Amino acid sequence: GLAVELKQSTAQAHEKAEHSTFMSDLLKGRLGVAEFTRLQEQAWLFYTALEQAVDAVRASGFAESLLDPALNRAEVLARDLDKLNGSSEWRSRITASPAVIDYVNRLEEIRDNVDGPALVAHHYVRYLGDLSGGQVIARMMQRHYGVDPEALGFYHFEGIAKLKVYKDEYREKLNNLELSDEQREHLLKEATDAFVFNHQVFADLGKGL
């Protein structure tokens, strides 16, 4: 089963990303809404790239059922940022941190190579993470930083009626993907790389705080 192997294969990189100082301080309430907003601005950049890659791979006819467009976060995130920032002009200010430049560059490579297995790896890391831990992070942003729940649209999946069921079905879709050994190994390696990119995103965010 691919879902189980992905979990085990990526365990070290996953633990390290999740326990970054930035995320750890954020979730304990030691930072502020500013840092949460900076996180979401960087996320808007890499979700934009991710979803271009998703679009390409879906259009190619690869992993169609897994690549549910209901999962798209980029536009929802832009609306969150309009609220957090109070104006629509964050768009001109923000620029990718060095880790985000690297992450986006890989996602664009995946888009242009229409690399289905590598895309699936990235999709798992971001969206299964969002589905799994999203309510936790959302609850924390309200509890610690008083964030308006209307500015946490990112953590809400409209039209997914029941997250439990969805996550279970997502893992089954992973299990049911037809992959050669070469593709599966490519996917697995990429999933660790994707956790690593995210770790470095947090490291950039926490620098000099």
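What we label the rigid core is the largest C-alpha set whose atoms superpose within 1.5 Å from one form to the other. Just count from 1 along the sequence shown to find any residue number.
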Core-aligned, RMS over all structures and residues: is 156-164 or 39-47 the stretch with the greater C-alpha displacement in 5 other deposited structures of this protein? 156-164
Give the stretch, out of 46-54 and 158-166, with the larger mean C-alpha temperature factor in the deposited entry. 158-166
Averaged over C-alpha atoms, is the B-factor higher for 167-175 or for 145-153 in this PDB entry? 167-175
So among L187, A194, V201, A17, who wins on Cα B-factor in the entry? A17
Which has the highest CA B-factor per the PDB entry: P98, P117, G133, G86? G133
Sort the modelled residues of this chain by their C-alpha B factor and say whether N105 lands in the lowest, middle or highest third. middle
Lowest, middle or highest third: which one holds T37 when the chain's residues are ordered by CA B-factor from the entry? lowest
Quick one: classify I94 as lowest, middle or highest third of the chain based on its Cα B-factor. highest
